[PDB]
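Order of writing sets the chain letters: A, B, C, D, E, F, G and H. Residues in each chain are counted from 1.
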Amino acid sequence: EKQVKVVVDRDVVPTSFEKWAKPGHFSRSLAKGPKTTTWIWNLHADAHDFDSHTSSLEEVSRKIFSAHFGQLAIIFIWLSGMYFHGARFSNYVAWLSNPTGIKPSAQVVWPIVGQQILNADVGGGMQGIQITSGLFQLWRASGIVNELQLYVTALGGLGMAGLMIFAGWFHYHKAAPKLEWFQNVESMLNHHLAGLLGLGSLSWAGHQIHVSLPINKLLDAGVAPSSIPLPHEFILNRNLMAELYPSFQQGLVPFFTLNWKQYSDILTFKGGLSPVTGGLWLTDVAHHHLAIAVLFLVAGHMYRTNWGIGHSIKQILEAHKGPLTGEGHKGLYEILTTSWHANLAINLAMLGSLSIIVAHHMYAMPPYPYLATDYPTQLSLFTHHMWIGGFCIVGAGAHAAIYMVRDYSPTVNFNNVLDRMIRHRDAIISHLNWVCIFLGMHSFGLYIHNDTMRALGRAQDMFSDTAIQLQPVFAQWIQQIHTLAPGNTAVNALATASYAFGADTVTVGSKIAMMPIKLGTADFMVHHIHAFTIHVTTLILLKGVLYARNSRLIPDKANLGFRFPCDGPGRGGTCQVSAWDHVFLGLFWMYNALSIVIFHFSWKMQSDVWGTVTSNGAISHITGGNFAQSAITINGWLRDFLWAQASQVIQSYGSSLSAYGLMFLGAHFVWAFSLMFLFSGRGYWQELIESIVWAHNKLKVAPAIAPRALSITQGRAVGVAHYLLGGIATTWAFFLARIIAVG
Amino acid sequence: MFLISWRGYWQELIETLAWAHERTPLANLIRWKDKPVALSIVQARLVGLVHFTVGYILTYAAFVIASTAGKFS
Amino acid sequence: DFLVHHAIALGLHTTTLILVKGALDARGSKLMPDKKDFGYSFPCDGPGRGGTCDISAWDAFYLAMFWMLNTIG
Amino acid sequence: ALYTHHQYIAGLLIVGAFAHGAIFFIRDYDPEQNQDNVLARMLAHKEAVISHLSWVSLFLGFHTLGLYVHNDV
Amino acid sequence: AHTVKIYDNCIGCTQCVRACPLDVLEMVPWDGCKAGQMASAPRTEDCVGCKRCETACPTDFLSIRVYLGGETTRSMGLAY
Amino acid sequence: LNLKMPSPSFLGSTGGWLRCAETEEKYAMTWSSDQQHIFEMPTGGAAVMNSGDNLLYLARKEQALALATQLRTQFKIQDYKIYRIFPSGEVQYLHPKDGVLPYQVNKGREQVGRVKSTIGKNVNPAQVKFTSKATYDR
Amino acid sequence: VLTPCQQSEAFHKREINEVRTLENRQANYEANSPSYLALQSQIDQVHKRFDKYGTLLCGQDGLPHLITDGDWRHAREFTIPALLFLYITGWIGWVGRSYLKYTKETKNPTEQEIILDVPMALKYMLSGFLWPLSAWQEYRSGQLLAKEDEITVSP
Amino acid sequence: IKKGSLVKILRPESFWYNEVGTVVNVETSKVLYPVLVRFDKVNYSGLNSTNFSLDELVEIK
């Protein structure tokens, strides 16, 4: 039994500006003076690498706890900024009065160089830039009706940021916990499961029951936002809550008497989207938060902490052992308690996967009101969370490789799952590479074959609905099962979880909110393309992590480090052999996969879901059924999607969307500038810099800091950074301009 | 492809493929006469430059011919 | 026409810069004084001395090929 | 088609001329027999030539792209 | 079949031998420096061209030069 | 030498020598230890070196030398010998080849691959054109 | 051919088009309310800008074309801004060169380059207001151009 | 050329060619390159000093 106690060191680090005037103080090599321009880049490259600074785990743990506080403060400042922008420079009240007619906007551009044109006529009196972040819908779902609440929330956010600033400084210069702290994974998990998530969802459920539910009910009943009672009135005067929800007449007595069924007025399970706003029923959302809170709270009492009751993660890990895995998960507990890189890899992979799942679930089941009708917001949110998820996944792979190169130990990883995997890494990577080849052929080859057939006039020999058909029978079957679930497998559910599986369509403000997303041959091919790209990117990352320590080409890659340029022009060439380079390649592949994924979502939504509905139910999509026969060929993807939909971003000049068009061009430049750093080497730039330095010497204007070219690894990093920035910015401007100009 | 990815990722990949080919039944009989190896550093630059050049020329050739044809035909 | 002719000038000058630099620095450079001893086309000199990727003159030609395609484009 | 044809071939031809000049410097040039020659002198002040070419290319790029983006904005 | 050549500017610091991963270099008695030792490459058949020695050389201009020539199984680092 | 020497306790792995090693060169490393240390095999994995004599086979000289480097660094083991075995069966002593580490100056070694003066005196490629001579050759 | 914009119908047509574009959006708003005043200021600025540009030369497209041939009549178009740019950038270059020359005289010039010495940096920035005159006398004294620099093999 | 004597380099392949450097020490064991020279500037390998011969250096003032 180990005491889960708190031990801290007081005044461990002094608070002074002495170290601010000595850049590179955290590194022994960087504290001796630059001597070259490469030191400037190395200073920032190794600034947040706390593991390279010192060899003590305690110091790294403290440098992480702090700086986590700093990032939390940065997030709180950003949130406060969003709330203040909504309260001061946004048409939030006007939007509340007419959510469908008024375009959300919370940014006002200053009139200086003709940029005042960017202030679009979003309505509501004010003119500004239309925001697609969903801030307006979220605030409405939270019960915000006046800008005073937005101002108070902004002030509270600023205060929380100040608190997260003080906490970060206090936990590094006034009270720094010892390594025994931070190694209590059982206590940290129990608290995060029952306090950070469990109690958090419980509190949010309470807020929704007492604020979101009544305010939104009155809003959806035709009551003006100014005439709705204040949130505190619903708590003080129980008569109002009783009138809006008779369940409140019984009070909390039913909860304590197990007569939970009496809460059918506030805790419903309707299942579908609200026909008035198009979003999920707030009652179902509150009931969902209550259930997730109770489930997380119960889950938070699993591990053992300072008491006999509970579980030991190490015991559970070591208990799992089988014939095909000699030692099972033995030694993994010590791995996740002595290396922050391993924990960061697992957490980054899970956080990225969670973000991707969030994107899918948010578009399919619009949670906020009027979110579905605001297609710009829907496109931006799905695409945004999809991108952040992919970036976090690539980062997860990078940190896994980092741990493998630096924190790995043969004694700890002996005959366990990790060691057993490293033993047969060749089978893993060759079989996975074979899967990638098969997927690419059977996914992209289908598209290429269709291009060849259509060009030859042999349309009868294509992979389409009319010609050879490839129907996702399994996915279509799951959709049908979901369509029939509300009556045979969900007895208490009154409607399908998502109308995208089937049921009927929902229209709000003469606009389609969510209708069944039928899958055909085009969806079959695109889904296989998605799987192919995911397989190749995971192959690149897994290869980099498995061979991070050694390989048949370089027997001691670990000694060379995780981030090294190459072993030289030997053994035929060992360029981009380090794991860091594998992450560098995985970034491009993740970008390609994610770009294709967002492209499919955008086109499919604009051709089969998003659109207008005329009286009597007639439906007219933005691109009427063109995805069925145009998404099956690369030519169609270039003509009906990249060319047809780009007209909005190229013709945006002279209007409020001109900025997007400008960003559309700028991004291209950046994407084309990255090529400079990707198809070139530092030897040539060093020679060019030598000639330029001679020119400077001829005028006695040479700098003391010897100018040097970017390192090989730094050059690769700059190239990938510019490539991703340009590509994501181009598709960002294209998506936003296309969705704002139409729909 | 060749202009971005350099030799070293492909060398290890080919080693993995070599292991797979010589460790699978019914296909061990077939043995490569020349040991598989990744494209050399300079060979990669030349192959990538040739691909880029072929694409640049063919893309603009198709564009110019098709545009001048459809526009005036 | 004035602006695009200036762009044409930019391209011609940058391509001749890369090519002239490749021809003049083909025998040696402060980074690799013995470049002439390694021939015209060689991969590199390893990551030593900060890095020597694309040090050979052949790479200067390969870097100038992209600029020629851009200028002529 | 013909204008683009000949211009692209011209670009390839001039780039090849410069590449062969570099090959000449590395393989068919002996400074011992070219002393104080115009060619040897070119190699003597190569740094000045490269620096001025770099300045011209930088000036043209900065100004031409600045004017194009200014008009665009 | 790469050719490794040691020049007279060698200071006998042994860093090239210590950084060579194929036992291609060694130290032999010499009288051109106070160290009384000079780098030698009597096993160049095992060299692969990684140039780790070139990177580990401290002289102004590398006293050890590795020229990539004939390619064999050893030089290509093929375990298959 | 001593092909019957005991081997470290390893559980296989898919990174060991392939068929090519059978029909071609196959390196071997034989070292002695006093404690059953756990070392990372150059092929990927973890093994326990038998207390006493340890003998293992590899497909590359660099792999054996890397293993020797880690045995000398992670552990104070300096009596590591690397041999080479050909398909015919004749063994060849490769490392250290003389009982002394390469970076340790030892008598009896003859300088190989020496060039007079610095590299700045190398002849131009034009002076040795159409001949079987190199610039580094004096 | 080029004609003054004040006498070109294209210029007036463009001015009217811009005014119409602004007025179309201005009509939606109310006289005294947020916005509508924002568009009136833009219209006034458009009128002033066109009246200012009327003196320039423009062709058929009506876009003001700038003559850079060096004609005195068009000095304000390119000559004056060209001279003012050269003065500003020569000032920047000369102050930077002097600061570098001073830093090279310190014990560790690298530290000065990283952590700029605001006192001396400002001392050289404030000065140099006569950089064209300072460029000379430095050249005449031989303190501007160097004699021997770093050169690789085959000079 | 002795202790701390400014000397200009003459080696063409040297990174500090045509540059001045200080003499840290001079060998007396009859070696090929007995003059150790240190420079304020660093080369591409991060090293500032190196050995040279008498014929490869010229004393300055």
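Note that a residue touches a chain if its C-beta (ideal position, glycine included) is under 8 Å from a C-beta of that chain, and two chains touch if they have at least 3 such contacts.
Asks: Using direct touches as single steps, what is the fewest number of steps from chain D over to chain G?
Replies: So the least number of steps between the two chains is 1.
Asks: Could you let me know which interface, E-F or C-H, is made of more C-beta pairs in contact?
Replies: Of C-H and E-F, it is E-F that has more C-beta pairs in contact.
Asks: What is the distance, in whole Å, between the centres of chain B and chain H, each centre taken as the mean of its C-alpha atoms?
Replies: Each chain reduced to its C-alpha mean, chain B and chain H end up 50 Å apart.
Asks: Determine the centre-to-centre distance between chain B and chain E, using the mean Cα coordinates as centres, and give it in whole Å.
Replies: 35
Asks: Which integer distance in Å separates the CA centroid of chain A from that of chain E?
Replies: The computed centroid separation for chain A versus chain E comes out at 50 Å.
Asks: Go ahead and note the Å separation of the Cα centroids belonging to chain B and chain D.
Replies: That gives a centre separation of 30 Å.
Asks: What are the residue numbers in chain C that touch two or more other chains?
Replies: Counting only residues that touch two or more other chains, chain C contributes 21, 25, 27-31, 33-34, 36-37, 39, 42-50, 56, 58-60, 65-66, 69.
Asks: By the touch rule stated above, which residues of chain H touch at least two different other chains?
Replies: In chain H, 11-13, 15-16, 43-45 touch at least two other chains.
Asks: Quick check on chain G: which residues sit in contact with 2+ other chains?
Replies: Those would be 149-154.
Asks: Okay, in this complex, where on chain H does chain F touch?
Replies: So the residues of chain H in touch with chain F come to 11-13.
Asks: Which chain A residues qualify as touching chain E in the complex?
Replies: Result: residues 552-553, 555-556, 567-572, 574 of chain A touch chain E.
Asks: Show which residues of chain C lie in contact with chain B when the two form their complex.
Replies: Answer in residue numbers: 41-44, 56, 58-59, 62, 65-66, 69, 73.
Asks: Spell out the part of chain G that touches chain D in their complex, as residue ranges.
Replies: Against chain D, the touching part of chain G is residues 151, 154-155.
Asks: Give the list of chain F residues in touch with chain A in this complex.
Replies: Contacts found on chain F: 11-15, 38-40, 42-46, 59-60, 62-63, 66-67, 69-70.
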